[PDB]
Amino acid sequence: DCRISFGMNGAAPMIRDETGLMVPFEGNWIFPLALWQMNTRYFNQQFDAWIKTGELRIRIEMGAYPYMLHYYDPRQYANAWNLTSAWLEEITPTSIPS
Amino acid sequence: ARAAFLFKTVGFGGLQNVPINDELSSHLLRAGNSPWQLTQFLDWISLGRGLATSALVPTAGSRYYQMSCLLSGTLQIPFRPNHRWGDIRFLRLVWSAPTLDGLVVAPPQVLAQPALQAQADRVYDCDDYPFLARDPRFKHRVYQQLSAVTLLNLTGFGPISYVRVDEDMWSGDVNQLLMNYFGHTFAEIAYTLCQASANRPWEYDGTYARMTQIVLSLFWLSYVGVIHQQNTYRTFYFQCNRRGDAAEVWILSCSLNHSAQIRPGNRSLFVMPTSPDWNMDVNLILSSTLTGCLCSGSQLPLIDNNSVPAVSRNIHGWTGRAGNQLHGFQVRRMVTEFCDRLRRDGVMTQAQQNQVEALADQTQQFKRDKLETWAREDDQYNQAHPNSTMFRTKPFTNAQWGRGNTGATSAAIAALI
Amino acid sequence: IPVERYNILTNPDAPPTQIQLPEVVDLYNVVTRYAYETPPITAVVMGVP
Amino acid sequence: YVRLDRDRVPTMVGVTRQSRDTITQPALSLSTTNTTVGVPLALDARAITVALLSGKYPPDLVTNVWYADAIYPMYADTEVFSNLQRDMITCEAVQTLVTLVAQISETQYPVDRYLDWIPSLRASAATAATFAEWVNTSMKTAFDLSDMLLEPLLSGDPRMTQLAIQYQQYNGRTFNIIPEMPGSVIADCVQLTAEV
Amino acid sequence: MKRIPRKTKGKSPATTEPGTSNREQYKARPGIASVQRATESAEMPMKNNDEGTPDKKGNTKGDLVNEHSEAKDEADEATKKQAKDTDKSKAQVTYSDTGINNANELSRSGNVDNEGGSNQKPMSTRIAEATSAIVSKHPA
Amino acid sequence: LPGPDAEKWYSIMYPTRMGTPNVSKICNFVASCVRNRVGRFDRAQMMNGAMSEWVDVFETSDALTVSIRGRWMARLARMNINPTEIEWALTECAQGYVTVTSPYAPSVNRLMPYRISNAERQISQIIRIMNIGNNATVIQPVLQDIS
Amino acid sequence: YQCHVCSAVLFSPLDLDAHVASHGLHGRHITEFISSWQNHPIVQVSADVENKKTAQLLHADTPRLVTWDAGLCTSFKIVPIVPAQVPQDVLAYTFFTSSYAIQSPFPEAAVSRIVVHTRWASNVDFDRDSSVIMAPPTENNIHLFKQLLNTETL
Amino acid sequence: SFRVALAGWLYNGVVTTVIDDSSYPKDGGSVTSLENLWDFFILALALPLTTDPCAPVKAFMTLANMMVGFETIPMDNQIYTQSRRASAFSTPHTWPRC
């Protein structure tokens, strides 16, 4: 029963906890996978900026999953945002990628 | 018409200084540099789901109290005999313009020298500051917030609200302009009226004042449980979707052919909550803010000195020797009294009442646990940091969780009709 | 000219809202004008896990 | 629905136009003429039995996903608000017709008689039907309607008093429902206009 | 201020935001179009049955047919429409020849007026003749 | 008034605006009037931009039409609802398989007239029942489309 | 480009103003729905118009209710019956050099009367088209009262 | 027909749904005939889904008619016998005491 309420005149937007309290988009959250699956587009458009630059960290409960490995040269700059953005955006109600 | 403009600042909660620090003060300025905008005080959740929280602002009452502390600290700067606006700092904050347009970080030259040594429980007059004397519109827009600050700061309990019953303020076409409000929640009406109040000065007996008074009286009368669907005040009442829940939604409603008989004459009273649950609901803070907006324009009857501690006694525009006493109530007992009246009149059965009581009990316990945990965290932080003591919420005590004087207030409210 | 139709002008005691129906229809009155809004119905549908 | 309690099996449905304190012609409505309770409809047994003996689900059904995908586009095209407004107007129109037809007939209806001093005759079913049709057309014109409105009321004696419905059990017992009319702003405005 | 017609005749800084890209690939089950067309067909309101009701000058609207014959004719028409709709030659679900002896059923028609008489002759004609019987002329 | 030639309407609307230059019946009538009741004398505290939500004015109208329109305005105002009720209704109708939300900003000049009573719905249903009149062509589409 | 209130995707800032005004934020569809798990908004437009550019038509025939009038809320008007003109002392009033002509609230006539003419001085957006119009009594108004049941007059 | 039955559940008060009169055995039916036995099977599983209030009586009287000459039940009327067709029992007054 998570419900997002928008912010007004500079007030931060909020989402509802299980306890009934409404919290802003920064902290340690626990999600089950299905919640992101069934609200994919809305959740992306709300949370991706705050995950990319803000201080939001989310734990997704998956159980078992496949994986892919990408290697890199440690002596040079490396950033993993493109791969993770693609993975997040390719989540649909019925399927996920590696 | 009000002609005396006095306000009183907050007192310390056992600490050595104002209960705010730099981090909290800078975290407040979300809508801009001005502490005068309404959004600095109130939060628009827009849902009945409710119960907003944060790391530094656990509750709505927390935000209201922190804003009160910030204003109490900052306003003591221009109010010195010299009357200069930005020559000294309070917690590295400075007034940025003579008309108090906003707060900024102090200049480096100011930061070199020691800050202002604030003292608590001060009573100040707006007419002493010359720019407030010269411009009635400026005095109007600032007193809109100063009056609500005083209503919070007068006593150690929750905020005060004013309820009036009178059949003479219904004259004219006010009935139609009230019927225009059907279907809106109390939060919507209160927020919009409070926002509108600052636009221009208004008349003491005008339509706006009588509108606000009627809205306040209807809300409180329906809240106590006197006015309901089968006993209405000129066909108006407030319907609650589910009483006793964590965040309640009250909706203005019309019912035909159940109008109650109202005696002639004008009467009023002052009511307030005493349990810490006032931190957790939004309706009571909205009622207090409407009362403050009304006070900024019109002169209300004085509060008796017996109801307030000696620091709040003999304030020229707020308290006096003869007047109305304050009626303090406790939330969970008021739920039972509401259910009692409704079930006695036949609107409610016994099983529905039992369901309401279960909800009220568990809600009260949950809120009490959260408030106690936050208070413990505050005390530990104060022990760890002796130079930056603070309180996120107005202090409370265990004995305040009692039933004191609830039934007396319920009878006093019922006597108005 | 019938002064009765124009009561609230010719009577220095008459309160502005007063009318004399059904006997006499007045030709000068007070009218209340609004600027109401009428939005569509907008809804957001979310799934239940 | 009743399983085998014969005394409670309902076989009749009727619509009533007259109040509960008058004696008139026993003008029963058309729905009573059916042998059954409603209009008969025939079904093939073979198709039903085949549909019962065969039937299956997809091997990958999740009810939440299926019903979200089923309900969203069905609700996205909804017309309940327009229906509510239409019902409000229909009730207004019925009450207006009753009040205005009381004035030119012997209807046993309490209405403040203001225009009695204007000469008139005493109207039968044909005259009242013409008058009621004109009223219905005028109201449809004012509110810009084109479908049905007050049409079934014009097909008999339009000198009515009150709409009600009822149905009958096998043992003679009856159940009668009479809606409790709220106000009607059009009718009160018309009465005010007559007073002026 | 905008004029609204009548359908019925009167009396005459970087803009780019992180998560906004549209590379999602999902197909619905059931599909949107199928349920949309079915709901469109279900949205339709009922037809107006004005047979047996007055005209704007008193004459009755309908056809001069007996009521029970009218009911049986309508049952046949509805059954044919059902057969058309399911594309079969013979309807599986029928409104006529059902095993119920429903021989007393009555339906509205143009064969009767409001006072219970027959429309062998329109009401306006009867008014005209009954009035013409009482006319008088200038003296010879 | 909107459109051209607003000065003609200025002359028509406010009788007192003409002075008392001559002697005549009209001049006597004008001199019999009080001078402080021409124009607007009441406006709302709430405003959008710099114009109020509602205004009270003194104008050339008639009492009967004003009464009719006031009653109609009240009738419409008793039907108003708010989007939270829309949320509750559409959430309960769906039987918990989806949830519906409807954001909005606070206001009191919003109007969404949709609330009615049970008696009105029952009256409409009875009308619709009489409409069938044992005509199967009326009911065949309903069953077919629902199936 | 997008609305943070509802999660829509748009292509114009003025259309953005329209969208935000739909939520009640100060800067023809009747219903609009959006879903959270894909990109597929749906809107409804009345079946009155021939324009159905990807929208859904609404068959329900619902009566017009909210309508607006910008004229005078008066239904009785004053008409002169016998004309006339009379000499006067004053013709116009002057300020510095310009002259302003006197104009009367009521006609200057020998006899004038009151007639019924609904919405004679109105300005509406939607017309309900049910006017009752009275000519001055020096003319004939019998067709007003012969309208309803007079089909077979001699 | 299967979908129409469920649709007609909602409108019990204006439309009554019954099984077609040709769905019963042809002349009377007899228990000696295999086709008539399959007819009984199909009819018996089809009947409970209609809104006809006399379905159980018709379900009983079908097998009652088919069993003529092998088993006899007590009939009170001298006009209505065990050989009255099962379709004719369409109103509550036709229910037999047996």
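Residues numbered from 1 in each chain as written, not as in the entry; some residues may be left out. Chains lettered and ligands numbered in written order. Part of a larger assembly, values for the part shown. Heavy atoms only, no water.

Structure determination for this PDB entry was carried out by cryo-EM, with a resolution of 3.3 Å recorded in the header.

A. Here's a closer look at the sheet that holds strand 1 (residues 39-43) of chain F. Pairing is antiparallel in the open sheet, where three strands are placed in the order 1(C)-4(F)-1(F). Single-partner strands in this sheet number two, and they are strand 1 (29-34) of chain C together with strand 1 of chain F. Averaged over all pairs of adjacent strands, the angle between strand axes in this sheet comes to 30 degrees, irrespective of strand direction. Bridging between strand 1 of chain C and strand 4 (residues 54-59) of chain F involves six bridges; their strand directions are antiparallel. Bridging from a neighbouring strand, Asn29(C) pairs with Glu59(F) of strand 4 of chain F. (Pairing = 2+ DSSP bridges. Helix = DSSP H or I, 4+ residues; strand = E, 2+ residues; numbered from the N terminus. Axes fitted to C-alpha atoms, helices over the stretch in contact; angles between N-to-C directions.)

B. Quick peek at a negative patch on the surface. Residues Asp73(E), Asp76(E), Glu77(E), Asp97(E) and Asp21(H) make up a contiguous surface patch of negative charge. We classify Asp21(H) as partly exposed; its relative accessible area is 36%. (Patch = residues over 30% accessible without salt bridge, like charges linked within 9 Å, V, L, I, M, F, W, Y side chains within 5 Å. Areas by Shrake-Rupley, 256 points an atom, 1.4 Å probe, with all protein chains shown as cover. Salt bridge = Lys/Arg side-chain N within 4 Å of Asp/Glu carboxyl O. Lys, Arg positive; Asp, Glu negative; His and termini not counted. Charge placed at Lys NZ, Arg CZ, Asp CG, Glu CD. Buried < 20%, exposed > 50% of the residue type's maximum accessible area, 1.4 Å probe, protein only.)

C. Just the sheet that holds strand 1 (residues 4-5) of chain A, in detail. All names here are of chain A. Taken in spatial order, the three strands of this open sheet run 1-2-3, and their pairing is antiparallel. Strands with a single pairing partner mark the edges of an open sheet, and in this sheet they are strand 1 and strand 3 (22-24). Across three bridges, strand 2 (residues 14-16) lies against strand 3 in antiparallel orientation. Bridged to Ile15 within strand 3 is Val23.

D. Region of the structure containing the pattern of salt bridges. Tallied over the entire structure, the rule returns 40 salt bridges over all chains. Across the pair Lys58(H) and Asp52(H) runs a salt bridge, and its minimum N-O distance is 2.4 Å.

E. Region of the structure containing the interface of chain G and chain F. Facing the 27 residues of chain G at the interface are 27 residues of chain F. Approximately 2300 Å² of surface area, both sides summed, lies buried where chain G meets chain F, with 70% of it carried by carbon and sulfur atoms. Summed over the three residues of chain G that lose the most area to chain F, namely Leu72(G), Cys73(G) and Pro105(G), the buried surface amounts to 27% of that side. Taken together, the links from chain G to chain F amount to one salt bridge. (Contact = heavy atoms within 4.5 Å. Buried area = accessible area lost by both parts, 1.4 Å probe.)

F. Representation of the arrangement of the chains. The smallest C-alpha distance separating chain C from chain E is 13 Å, and no contact links them. At their nearest point, the C-alpha atoms of chain C and chain H are still 27 Å apart, with no contact between the two.

G. Molecular detail of helix 2 (residues 60-74) of chain B. End to end, helix 2 of chain B covers 21 Å across 15 residues, agreeing with the expected 21 Å (1.5 Å per residue, within 8%). With 14 of its 15 residues buried, helix 2 of chain B lies for the most part within the structure. (Expected span 1.5 Å × (residues − 1).)

H. Structural detail: the packing of aromatic side chains. Residue and element names in this part refer to chain B. Within the structure shown, the criterion is met by 50 aromatic pairs over all chains. Aromatic pair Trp250 and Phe338: ring centres 6.3 Å apart, planes at 85 degrees, arrangement edge-to-face. Residue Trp250 is found in strand 7 (residues 250-254), and its partner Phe338 is found in helix 10 (residues 331-345); the two are separated by 88 residues along the sequence. Judged on exposure class, the residue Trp250 and its partner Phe338 are both buried. (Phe/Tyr/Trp six-rings, centres within 6.5 Å; stacked < 30°, edge-to-face > 60°.)

I. Highlighting the interface of chain F and chain C. With 42 residues of chain F at the interface, the matching set in chain C holds 32 residues. Of the roughly 3300 Å² buried between chain F and chain C, counting both surfaces, carbon and sulfur atoms make up 61%. The largest share of the area that chain F buries against chain C comes from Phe29(F), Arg37(F) and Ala63(F), three residues that together contribute 17% of it. Applying the counting rule to chain F against chain C returns one salt bridge. Between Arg33(C) and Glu59(F) there is a salt bridge whose closest N-O contact spans 3.6 Å. Put simply, chain F and chain C have 17 residue pairs in polar contact between them. Elements represented by at least two residues in the side of chain F that touches chain C include exactly helix 2 (25-31), strand 4, helix 3 (63-77) and strand 5 (98-101) of chain F. A per-element tally of the side of chain F that touches chain C places strand 4 of chain F first, with six residues. (Polar contact = N/O pair within 3.5 Å; in protein donor to acceptor, adjacent residues only side chain to side chain.)

J. Up close: a nonpolar patch on the surface. Residues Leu53(D), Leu34(H), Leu37(H), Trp38(H), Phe41(H) and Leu45(H) make up a contiguous nonpolar surface patch of roughly 590 Å² in combined accessible area. Turning to its location among the elements, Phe41(H) is positioned in helix 2 (residues 34-46). Taking the relative accessible area as the measure of exposure, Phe41(H) reaches 34% and is therefore partly exposed.

K. Geometry of the environment of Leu88(A). Residue and element names in this part refer to chain A. Locating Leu88 in the fold gives a position in helix 3 (residues 81-89). Along the chain, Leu88 and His70 lie 18 residues apart, while their C-alpha atoms are 17 Å from each other. Non-local contacts of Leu88, meaning those with residues more than four positions away in its chain, are made with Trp36, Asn44 and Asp48.

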